[PDB]
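Scroll down for the structure; my scribbles are underneath it.
Reckoned from all heavy atoms, side chains included, excluding hydrogens, waters and symmetry mates. Residue numbers begin at 1 in each chain, while the letters A, B, ... track the order of the sequences. Order of appearance sets the numbers: ligands from 1, and atoms from 1 within every ligand.
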Amino acid sequence: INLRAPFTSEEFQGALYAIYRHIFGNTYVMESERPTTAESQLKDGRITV
Amino acid sequence: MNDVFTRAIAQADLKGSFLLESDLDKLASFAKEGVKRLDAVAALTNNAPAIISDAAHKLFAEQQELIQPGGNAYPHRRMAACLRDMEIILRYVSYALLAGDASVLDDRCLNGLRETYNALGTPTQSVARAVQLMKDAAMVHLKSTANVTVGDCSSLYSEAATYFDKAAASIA
Amino acid sequence: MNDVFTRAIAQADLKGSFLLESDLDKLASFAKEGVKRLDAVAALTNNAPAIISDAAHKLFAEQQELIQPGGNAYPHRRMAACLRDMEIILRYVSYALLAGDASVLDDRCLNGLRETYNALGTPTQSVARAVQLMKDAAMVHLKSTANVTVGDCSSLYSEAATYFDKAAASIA
Amino acid sequence: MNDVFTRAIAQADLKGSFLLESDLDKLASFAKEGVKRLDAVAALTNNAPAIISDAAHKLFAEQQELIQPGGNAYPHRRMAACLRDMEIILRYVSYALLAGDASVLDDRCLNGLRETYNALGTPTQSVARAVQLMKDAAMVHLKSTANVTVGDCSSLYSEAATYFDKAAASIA
Amino acid sequence: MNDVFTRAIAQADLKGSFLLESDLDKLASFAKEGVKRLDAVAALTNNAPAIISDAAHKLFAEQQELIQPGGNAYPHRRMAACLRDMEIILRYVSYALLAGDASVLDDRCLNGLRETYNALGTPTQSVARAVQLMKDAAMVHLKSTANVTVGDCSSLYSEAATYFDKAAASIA
Amino acid sequence: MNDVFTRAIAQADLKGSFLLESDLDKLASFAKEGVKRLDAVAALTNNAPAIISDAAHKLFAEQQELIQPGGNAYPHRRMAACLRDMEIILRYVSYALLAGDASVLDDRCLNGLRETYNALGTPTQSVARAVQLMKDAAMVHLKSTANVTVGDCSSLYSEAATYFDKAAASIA
Amino acid sequence: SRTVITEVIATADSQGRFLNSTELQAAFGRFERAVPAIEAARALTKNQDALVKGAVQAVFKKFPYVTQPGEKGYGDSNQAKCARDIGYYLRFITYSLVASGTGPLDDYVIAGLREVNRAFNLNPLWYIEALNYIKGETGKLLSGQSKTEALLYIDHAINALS
Amino acid sequence: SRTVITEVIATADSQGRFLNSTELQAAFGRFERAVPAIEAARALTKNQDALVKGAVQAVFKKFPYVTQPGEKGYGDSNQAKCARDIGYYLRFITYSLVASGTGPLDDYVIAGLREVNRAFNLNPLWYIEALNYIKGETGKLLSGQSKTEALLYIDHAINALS
Amino acid sequence: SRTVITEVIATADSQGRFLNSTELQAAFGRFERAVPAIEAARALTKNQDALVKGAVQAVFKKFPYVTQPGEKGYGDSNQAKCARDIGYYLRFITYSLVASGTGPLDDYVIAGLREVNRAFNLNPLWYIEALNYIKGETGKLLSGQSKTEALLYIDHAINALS
Amino acid sequence: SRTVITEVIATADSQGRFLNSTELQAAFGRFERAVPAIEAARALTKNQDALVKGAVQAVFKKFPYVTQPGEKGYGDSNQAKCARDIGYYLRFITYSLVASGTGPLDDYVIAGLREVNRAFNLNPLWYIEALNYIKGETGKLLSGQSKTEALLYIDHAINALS
Ligand SMILES: CCC1=C(C)/C(=C/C2=NC(=C\c3[nH]c(/C=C4\NC(=O)[C@H](C)[C@H]4CC)c(C)c3CCC(=O)O)/C(CCC(=O)O)=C2C)NC1=O
Ligand SMILES: CCC1=C(C)/C(=C/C2=NC(=C\c3[nH]c(/C=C4\NC(=O)[C@H](C)[C@H]4CC)c(C)c3CCC(=O)O)/C(CCC(=O)O)=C2C)NC1=O
Ligand SMILES: CCC1=C(C)/C(=C/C2=NC(=C\c3[nH]c(/C=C4\NC(=O)[C@H](C)[C@H]4CC)c(C)c3CCC(=O)O)/C(CCC(=O)O)=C2C)NC1=O
Ligand SMILES: CCC1=C(C)/C(=C/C2=NC(=C\c3[nH]c(/C=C4\NC(=O)[C@H](C)[C@H]4CC)c(C)c3CCC(=O)O)/C(CCC(=O)O)=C2C)NC1=O
Ligand SMILES: CCC1=C(C)/C(=C/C2=NC(=C\c3[nH]c(/C=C4\NC(=O)[C@H](C)[C@H]4CC)c(C)c3CCC(=O)O)/C(CCC(=O)O)=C2C)NC1=O
Ligand SMILES: CCC1=C(C)/C(=C/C2=NC(=C\c3[nH]c(/C=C4\NC(=O)[C@H](C)[C@H]4CC)c(C)c3CCC(=O)O)/C(CCC(=O)O)=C2C)NC1=O
Ligand SMILES: CCC1=C(C)/C(=C/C2=NC(=C\c3[nH]c(/C=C4\NC(=O)[C@H](C)[C@H]4CC)c(C)c3CCC(=O)O)/C(CCC(=O)O)=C2C)NC1=O
Ligand SMILES: CCC1=C(C)/C(=C/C2=NC(=C\c3[nH]c(/C=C4\NC(=O)[C@H](C)[C@H]4CC)c(C)c3CCC(=O)O)/C(CCC(=O)O)=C2C)NC1=O
Ligand SMILES: CCC1=C(C)/C(=C/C2=NC(=C\c3[nH]c(/C=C4\NC(=O)[C@H](C)[C@H]4CC)c(C)c3CCC(=O)O)/C(CCC(=O)O)=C2C)NC1=O
Ligand SMILES: CCC1=C(C)/C(=C/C2=NC(=C\c3[nH]c(/C=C4\NC(=O)[C@H](C)[C@H]4CC)c(C)c3CCC(=O)O)/C(CCC(=O)O)=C2C)NC1=O
Ligand SMILES: CCC1=C(C)/C(=C/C2=NC(=C\c3[nH]c(/C=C4\NC(=O)[C@H](C)[C@H]4CC)c(C)c3CCC(=O)O)/C(CCC(=O)O)=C2C)NC1=O
C-alpha cells in the first residue's frame, strides 16, 4: 500500500485498514480507539504515511 | 493463494506436464458453471449481516455461559471481537467459494487461528459451533430460489458446506 | 503549549526577574477559583454532543445551500467532516478554558485551518457561524445552576466567550 | 481517479439530478465500443518497449546533444532515467486510454512533473518531443489492422492522440 | 558533495576530454601536500573541545547580551544549541579542509543554515563572530608544532582561513 | 496495569457483582492513607541516587570479582548497565509503591528478567544482592522523620519491603 | 470512484506495470454487463417518483410511532427530508448501476453514513425499510440480469446501513 | 484501566523517569476525591435494584412501542436482558467511581459498544433514557461532591452512547 | 498466482471487505473468457512438439554462430536444454492461458529471470526469437479470440525477456 | 512547559477526547496544592539574597581550592557568576513551585545542563552543595506542605545535577 498526497476515499480507507492491521499487529482496534484527528491530518496532507 | 485453476496448474507442474484433456475439461466445466458460483457468492455477501446475527443469536441462546460475567464474550470488547471473528470467517468462506479452492482458508483465515484461540483461552468448541450455525443460516440464503434463474446447485451447496466444515475442523 | 501559570513565568523570565507580589496574587486568585473553572470545563465536556447538535441544526437551518447538492456539507462524507470539525473546535475551546490560556487553541487547532478550508473550498464564514452557534449553546449550558453550588462565574463566561470568538476570528 | 462514467456521474450530482437519457445513451455507446478500447490498450501494452526504443532512437538521432558529454542524457544513469520516464508516461497514457478519461494522467503523473524537470535542469522541450515520438510510434502500432478484426476505430486513435498531446502539453 | 579530485573529474567530463597534464600535476601536488593536510586535520580534531571552549568564552565575553535572560544563548538549552552549532561548523570546516573543496562546505549545511537561523531569529552576525573565533583558535592549534615535524604549511593555513571565512560569510 | 482499586474491581467483575461494603472500606482506608503513601514514594524518588550509590559501593566491596577483568561489571559499559539496571528496578519499585499493587513491577521489570540475565551470564544471585542492598538504603530513607509529620507508617515499610523482596525473588 | 476499470488501473499502477490480460478480462466483464446495468438505470429513473412515495409510505407503515408528535417523522419538513433522502439513495443507486461499481454509493452515501446518522439521530432501519420496499418494487418492471444488478446494488446499500 | 494513578505511573514509565512532584499532586487529588466518590458508589450500590427497575420503566415509558409484539421489548427474556444491561451500566459506573477514572467504563462498556449495539440492533437511545433516569434519581440520592462525581461518570457513559 | 479471481480476492481482502459487484463482474469476465483461452491452450498443447522443434531451429537460424563448437549452442546437452527451456516457456504460457492471468509466467519464468540468465550467460535474444516463432505459428494454429489470448501471453513473455 | 494542567491537556489531546473525571481530578489536586506551593515561592522570593550569598559561601567552604588563584572560582567576575547561577537556580525553583511542575526547571535548567557544564568545566558538585545549603535553609524558612513542596523541587534539581 502506497498512499500519495491526492487520493480517493477507497484508497484512503484501504490504506487505513492496511496500516491498522500491520502497525497494531493484527490486533482488534475498536471504533472508539481509532484516531480520528490523525486520520484527518493524513487526509489533508499535513502528515505523510 | 490458489484458485482451482492455479491449483490444477501447480499439480501439473510437479509432473513437468502440460495440463491434460480431462483437466482442461474439468476447468471448462468449472468456468461454464461459474455464473451459479457468482450467484452463490453474492448470496453470501448480501446476507452476511443476517447470517452473522442469526448465528450469534442462536449461539448465545444455546450457550449462556459465553455472555455471563467471566464468559468469553462477556464485556462489549469480547463480544465485539466475537462478531468480528464471525464476519471474518464468513468473508473468507465467500472468498473460497468464489475461488473454487480452500487455499485461501488454509493460507489466510486459518493460518494460525487455532493457536490464536488456544493462547487467548477461547473455547474452540464454541467457535466451531458458531461456524456450524453460520453454515446452517447460510444454506438458507444460498438455496433461496427468488431473484435467480432456477437450476441445480447441489454441488455449490456441498462445496460451501465443505468450506464451513474445514473452518470448523481447523478451529477445533 | 502554555497555561496562565506558564505564561506568567515566561513573561517574568523574559525580564529575568522573580515573580512579583502582584503576579503571585493573580496566580493564587486563579488557583482559588480553579475549582469553579473545573465545573465550567465539565459543563462543556458533558454536553458536547448536545451543543454540536444544536449548532448543526441551527447552522443548516440558516444556510440550506450547504446541505443541498453542490454545497460543501452535502454528501455524508462532508457532513461527517463538518460535525467532526465542530467536535474538534469545541474540544480545543474546552482545553483553553481549563488551561486559562488560548495557547492550545492557537498552536494546535488553528495553526493552518484557514488555509486548509480555503484550499478545500470550505466557506470560512460558515465555519465561523458554526463556532458562534456552538458558543451560544455552550453559554446556555455553562450557566445552568443545577447540580452546582451557586456563585459568580461572569469571569468564566467571559473567558469562554473570548475563546469561542478567538476561534471564530481565526477561521474567518 | 475518474473515468467517463464517474465523470458524467460527478457532473449529474453537481446538478443534483439523475443522469439523462442522452447521457445514458452516450455511456452505453462508450461501453459498446469497449472491445475496441481493449484492443487499443493491448496494442499499447504488447508493443510498449518497441515503442519506447523507436522513440528513443529517433529522439537521439534528432537531438544529438543529449548523447554527447555535458548533454542531458549523457551519463549512463541519466540515459536510464530518460528511458524510465518514457516508459512511465506511456504506461499512464495507456491507463488513460483504458479508463476513457484523461484526468487520471494529469493527477498522478503530470501535476508534479514540470517543476521537477525545471529543478533538475532537464529541457522540457526534449521531453515533449519524446512524448510526441512515442505518440507516432504508438499510432503506427494502434493502426495495425493485423491480428484483430477489421473495423472503424478512428475515435480510439483520436482519444490516444489527445492523451499524448495533453501529456506533452503538461510537460512542456 | 564532491572532492577536489572529483571536481577535476567533473570539469573534465563537462569538457568531455581526458584529464589534462597540468590538472594531473595539480592533483599530484594535492597528494603531495596530503600529509600536510592530515596533520592539519588532526590538529583540528584533537583540539576541537578546546577550540570551541575558547571561542565560546571569547564570544560571550565580548557579547554579554547573549548571556542575559532574553538573550539567545540563554538558558542551558540555548547555550547547548549554541555550542552544538559551533561544533557542527567546526566539524564541517575540518571535512572541507581534508577534502580540499569549499563546495562540500556550501552544499553541506550553509544552504539551509542561514534561513534556519532567520526563522529562529538568531543573529547571523554573532554566528559569524563565533566562526571567526573558532578560526583563531583553530589557527593557534594548527601552527602548534609540538610532537609534529616542522615545515611550511602556508597552503593549509590559507585554505583553513578560506573555509572559515566561507562558513562565516554564508551564515551572515 | 493495575492499582488496588483496579484489582478489586477486576475481581468483582469476575464475580459479576458490585463492590461489597467491606471492600469499599478497605479502599477508603487506602485512599485515606494515600498521603503517607505519597511521602514514601517521594522518599524513594528524591533519594534514588544515594540509594543506588550505596548499594553499588557495598555490592562491589562485597564482591570484588564483579569489577575485575572477567567480572560481570568489568568495563564501563558493563558497569553502566549494572547501575542502569539498579535504577530501573528501583523506579519500578517506586511505581509499585504508588500503585499499591505489584502488577507494573511484574509486567514491566520482572517479566522475563531471570532469563535475560541467565542468557547474558549475569549472576542473578548478585543482582538479588544488589536489590537487597537497595532495599536497605531505601528503608533507611523512608523511615526518616525529617521534613514529615511523625506517624505510623509500618504498613508502608512492609509493603515496600515486599516489593523489593518480590523483585529479588523473581530475579533469583 | 471504485469501478471495475478504476480498480483495474489502480492495481496495475500499484505494481507499476502495464494493463494486461488479467485486467483486460475484468474490463471485458464490465463491458459485457454494461447493458443490463444501463437498462436497470432507465427503469429505476423512470419510476423514481412512485418508488420514493411508496418507500416513504412503507417506512411510515413499518414504524408508525415515527409519525406521532415529538418523534422524528412528525411535521411536513421532516417528511420532505424523508422523501429527499430516499431520492438521494435511489439516485446514487442509479449512478452505481451506470458506473458498474459501488463507487457512487461508497463516496456519496456509505462514507460517513454511520457518524452522520448517529449525530442527527436517524434510525438506519427507516432507510433499510425504504430500500427493502424499493427492492420489492424492483422485483417488477425489471427482468433477468438487470433486476439482478439493481438488487445487488440495493443489497450493498442495505448491508452498509446495517 | 486508566485511572489517575495508572496514567501517572504510565507517563513516568514511558518517559523512563521517577515520579516527580506534579504526578504526586495528581495522585493527591485522586486520594482526596476518593471520599465523595466512594460515598457515591456506596449510595448507588444500596439503591441498585430500585434504580434498575425505574430505569427500565422509564425506557418503556419513553419508547412505548418497543414493548409491542414483534419488537425488541416484547417477551420476558427481552425485558430481563433490559434489567441486566441497566445493572451492567450501573455496576461499571460504581466501578469508575471507586477507581477514580473512566477506566472501567472505557474498558468494559465503551470499548466495542457501537459494533455490539449495531449487530444486535439495540438502540443507544434506550440506554441514554435509562441513564438519564438514573442521573435524575441520583440527583435525589446524593448531594454535594458525591452528586457531581456520580453525574460526571453517568454522563461520560451517556456521551459514549451518543 | 496473479489471476483475475486471485487479484479480486486479494484486493478485497487487503481492504477487509466482502466481494461486491465490481469484483463479481470481473469474475464474470474471466469465466466468460475461459472458453477461448482453454481451447487455445488445448491447441497449443496438441502441437507442443512441432512448436518446440521449430522454435529451436529458428533460434539456430537467427543465431547461426551459437551452433559452432566452443560456445553455448554446441553439444547434445546444450540443445536438449534449449528444447527443455522452450518447452518450459510454452508450458507456462499454456498455464497462463488456462488460469486467465500472467500468474504462472510471472511466478515461474519472470521472477528471477535476469539473474539466472546473467549467471549462466544465456542470451534473452534466443528466447525472444523462439517466442516470436511460437507467436507466428500460434497465429495460424488459432483463430478469433483464442489467437488473441495466446498472443497476449506470448508477448508478455517476450516483453519480460526485453 | 510540562505541568499538571499541561500534562492533562496533552493526554486528552493525544487521545483526541474531552477532559473527563481523571483529568479534572488531577487538575483539582493541582489547584488544592497551589496555595502551599505559592506560599513557598513567596518565602523563597523574600529571602533572595540570604539564600544566594549563603549558598555561595557554602560552595566556597566545601571546595576551598576554587577560591585560590589559578582556579575556576578566582576573580570577582567568577564570584558574580556564582551568585548569578545560584540565583538562576532559585528563580526557576520558585517558578516550578508556582507552576506545580518541574516544567520551568526542565526547560530552563535540566535541558542542556550537562553539555554546558562540560563545555565550561563547571562542576555539578558546586551547584549540588549550594542547593543542599538552600535546602537546609528552606527547612526552617518554611513549614508544613510548603516546605515539602520546596524540598521536592530542590531535590529534583539536585537529582538532575547528580
Ligand atoms: C458488560 C457490558 C455489556 C452490555 C451493556 C451488554 C448489552 C447486551 N444486551 C444484549 C441483549 C439485549 N438487550 C436488549 C435491550 C433491552 N431489552 C429491551 O427490553 C429494552 C427495550 C431494552 C432497554 C435498553 C435487547 C432487546 C436484547 C436482546 C438482543 C437480541 O435478541 O437481538 C446483548 C446481546 C447478547 C445477549 O444475547 O445477551 C448485549 C451484548 N452486554 C455486555 O457484555
Ligand atoms: C485470518 C483472519 C483473522 C481471524 C480469523 C482473526 C481472529 C481473532 N480473534 C481474536 C480475538 C477474539 N475472538 C473472539 C471470539 C470467540 N469468542 C467466543 O465467544 C466465540 C465462540 C468466539 C467467536 C465466534 C473473542 C471473544 C476475542 C477477544 C479475546 C479477548 O478479548 O480476550 C484475535 C486476537 C485480536 C484481539 O484479541 O484483539 C484474532 C487474531 N483475526 C484475523 O486477522
Ligand atoms: C454482477 C454479479 C453477477 C451475478 C450474481 C451473475 C449471476 C447469473 N445468473 C445467471 C442465471 C442462473 N443463476 C443460477 C443460480 C441460481 N439458480 C438456483 O436458483 C440457485 C438457488 C441459485 C444459485 C445457488 C442458475 C442455475 C442460472 C442458470 C444459468 C446456467 O445454469 O447456465 C446468469 C446467466 C443468465 C442465463 O443464461 O440464464 C448469470 C450471469 N452474473 C453476474 O455478472
Ligand atoms: C488540529 C485539529 C484539526 C482540525 C481543526 C481539523 C479540521 C479539518 N477539516 C478538514 C476538511 C473539512 N472540513 C469541513 C467542515 C466545514 N465544511 C462546511 O461545509 C461546514 C460549514 C463546515 C462544517 C461545520 C468539511 C466539509 C471538510 C471536507 C472538505 C472536502 O472534503 O472537500 C480538514 C482536511 C481534510 C479532512 O481531514 O477531512 C481538516 C484538517 N483537522 C484537525 O486534525
Ligand atoms: C471531578 C472533577 C471536579 C469537579 C467538577 C469539581 C467541582 C466543585 N465545585 C465546587 C463548588 C462550586 N461550583 C461552582 C460552579 C458555578 N456555580 C454557578 O452556578 C455556575 C453556573 C457554575 C459554573 C459552571 C461554584 C461557583 C462553586 C463555589 C466555589 C467556591 O466556593 O470558591 C466544589 C467545592 C464544594 C465546597 O467545598 O463547598 C467542587 C469540588 N471538583 C472536582 O474535583
Ligand atoms: C482478453 C482481452 C480481450 C480483448 C483483447 C478483447 C477484444 C475483442 N475484439 C473483438 C473484435 C474487434 N476488434 C476490433 C479492434 C479494431 N479493429 C481494427 O483493426 C483496429 C486496429 C482495431 C482498433 C483497436 C474491432 C473493431 C472489433 C469488432 C467490434 C464488434 O464486435 O462489433 C472482440 C469480439 C470478437 C467476437 O467474439 O466475435 C473482442 C472480445 N476482448 C477481451 O476480453
Ligand atoms: C594519522 C594522521 C597522520 C599524521 C599524524 C601524520 C604525521 C606525518 N607527517 C609527515 C610529513 C610532514 N608533515 C608535516 C606537517 C607539519 N608541518 C607543521 O609543522 C604542522 C605542525 C604540521 C601541519 C599542520 C611536515 C613538516 C612533514 C615533513 C616534511 C615533508 O616531508 O614534507 C609524515 C611522513 C613522514 C614519515 O612517515 O616518514 C607523517 C607520518 N601523518 C598522517 O597521515
Ligand atoms: C576497564 C575500564 C575501567 C575503569 C577506567 C574503571 C574506573 C573505576 N574506578 C573505580 C573506583 C575508584 N577510582 C577512583 C579514582 C582514583 N582514586 C584516587 O586515588 C585518584 C584521585 C583517582 C585517580 C586519578 C576512586 C576514588 C575510586 C573509589 C570510588 C568509590 O568509592 O566507589 C570504579 C568503581 C568500582 C570499584 O573499583 O570500586 C570504577 C568503575 N573501571 C573500569 O572497569
Ligand atoms: C507534593 C506532593 C504531596 C506530598 C508529598 C504529600 C504528603 C503529605 N503528608 C502529610 C502528613 C503525613 N505524612 C506522613 C508520613 C511520614 N510520617 C512518618 O513518619 C514516615 C517517616 C513518613 C512516611 C514513610 C504522616 C504519618 C503524616 C500524618 C498524616 C496522618 O497520619 O494522617 C500530608 C497532610 C498534611 C500534614 O499533616 O502535614 C500530606 C498532604 N501530599 C502531597 O500533595
Ligand atoms: C446525499 C446523501 C445524504 C443523505 C442520505 C442524507 C440524509 C440526511 N437527512 C437529514 C434530515 C432528516 N431526514 C429525516 C428522515 C426521516 N424523516 C421521517 O419521515 C422518516 C422516518 C425518516 C426517513 C426514512 C429526518 C427526521 C431529518 C431531520 C433530522 C434533524 O435535523 O433533526 C440530514 C440532516 C439535515 C441537516 O443538515 O439539518 C441528513 C444528513 N444527507 C445526505 O447528504
Ligand atoms: C539559565 C540557567 C543557566 C545557568 C545556571 C548557567 C550557568 C553558567 N555559568 C557560566 C559562567 C561561570 N559560572 C561559574 C560558577 C562557579 N564560580 C565558582 O566560583 C563556583 C564554585 C561556582 C558557582 C557555584 C564559573 C567559574 C563560570 C566561568 C566559566 C567559564 O567561563 O569557563 C556560564 C558560561 C557563560 C560565559 O562564559 O559567558 C554558564 C552557561 N547558564 C545558564 O543559561
How does [X] reach ligand 9, if at all, at less than 4.0 Å between non-hydrogen atoms: by side chain, backbone, both, or neither?
{"X": "J/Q145", "value": "side chain"}
{"X": "F/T145", "value": "neither"}
{"X": "F/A42", "value": "neither"}

Can you tell me which residue and heavy atom of the protein come closest to [atom], and the distance to 0.1 Å?
{"atom": "atom 19 (O) of ligand 1", "answer": "H/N78 O, 3.0 Å"}
{"atom": "atom 36 (C) of ligand 1", "answer": "B/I67 CD1, 3.7 Å"}
{"atom": "atom 41 (N) of ligand 1", "answer": "B/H76 CE1, 3.9 Å"}
{"atom": "atom 26 (C) of ligand 1", "answer": "H/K72 O, 3.4 Å"}
{"atom": "atom 7 (C) of ligand 1", "answer": "H/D85 OD2, 3.2 Å"}
{"atom": "atom 43 (O) of ligand 1", "answer": "B/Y74 O, 2.0 Å"}
{"atom": "atom 27 (C) of ligand 1", "answer": "H/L122 CD2, 3.7 Å"}
{"atom": "atom 30 (C) of ligand 6", "answer": "D/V35 CG2, 4.6 Å"}
{"atom": "atom 15 (C) of ligand 1", "answer": "H/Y127 OH, 3.3 Å"}
{"atom": "atom 23 (C) of ligand 9", "answer": "F/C153 SG, 3.4 Å"}

Only heavy atoms of [X], strictly under 4.0 Å: list the atoms of ligand 9 that pass.
{"X": "J/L152", "result": "1 (C)"}
{"X": "H/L24", "result": "2 (C)"}
{"X": "F/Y157", "result": "20 (C), 21 (C), 24 (C)"}

Classify the ring geometry between H/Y108 and H/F92 as parallel (under 30°), tilted (30 to 60°) or perpendicular (over 60°). parallel
Which is closest to [atom] by heavy-atom distance: [options]?
{"atom": "atom 1 (C) of ligand 9", "options": "H/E23, J/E149, J/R30", "value": "J/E149"}
{"atom": "atom 37 (O) of ligand 1", "options": "B/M79, H/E115, H/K81, H/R91", "value": "H/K81"}
{"atom": "atom 28 (C) of ligand 9", "options": "F/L156, H/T22, F/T149", "value": "F/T149"}

Would you mind running through ligand 1 and noting each atom that sits below 4.0 Å from a heavy atom of [X]?
{"X": "H/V116", "answer": "40 (C)"}
{"X": "H/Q79", "answer": "19 (O)"}
{"X": "B/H57", "answer": "30 (C), 31 (O), 32 (O)"}
{"X": "H/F92", "answer": "1 (C)"}

Is the backbone N or O of B/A50 less than 3.5 Å from a side-chain atom of B/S53, with the two atoms forming a donor-acceptor pair by type? no
With a 3.5 Å distance limit and no angle check, can you tell me whether D/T45 reaches the backbone of G/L19 through a side-chain donor-acceptor pair? yes
Quick check on contacts: which atoms of ligand 6 are under 4.0 angstrom from a heavy atom of [X]?
{"X": "I/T148", "answer": "5 (C)"}
{"X": "D/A40", "answer": "24 (C)"}
{"X": "D/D39", "answer": "5 (C), 7 (C), 8 (C), 9 (N), 10 (C), 12 (C), 13 (N), 14 (C), 15 (C), 24 (C)"}
{"X": "D/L142", "answer": "21 (C)"}
{"X": "D/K36", "answer": "24 (C), 26 (C)"}

4.0 Å protein heavy-atom contact status of [atom], strictly under:
{"atom": "atom 32 (O) of ligand 9", "answer": "no"}
{"atom": "atom 13 (N) of ligand 6", "answer": "yes"}
{"atom": "atom 17 (N) of ligand 6", "answer": "yes"}

Flag the pair H/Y127 / H/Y88 as yes when their ring centroid distance falls below 6.0 Å, and as no otherwise. no
Considering only heavy atoms from C-beta outward, does the side chain of J/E149 approach that of H/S21 to under 4.5 Å? yes
Has H/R84 got any heavy atom lying under 4.0 angstrom from an atom of ligand 1? yes
Please verify whether a non-hydrogen atom of H/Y89 lies at under 4.0 Å from ligand 1. yes
For ligand 6, the portion of D/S144 having any non-hydrogen atom under 4.0 Å away: backbone
Under 3.5 Å between some N or O of ligand 1 and some N or O of [X]?
{"X": "H/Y108", "result": "no"}
{"X": "H/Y88", "result": "no"}
{"X": "H/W126", "result": "no"}

Does the N or O separation between J/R33 and ligand 9 drop below 3.5 Å for any pair? yes
Under 4.0 Å from ligand 1, counting heavy atoms only, is it the side chain of B/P75, its backbone, both or neither? backbone
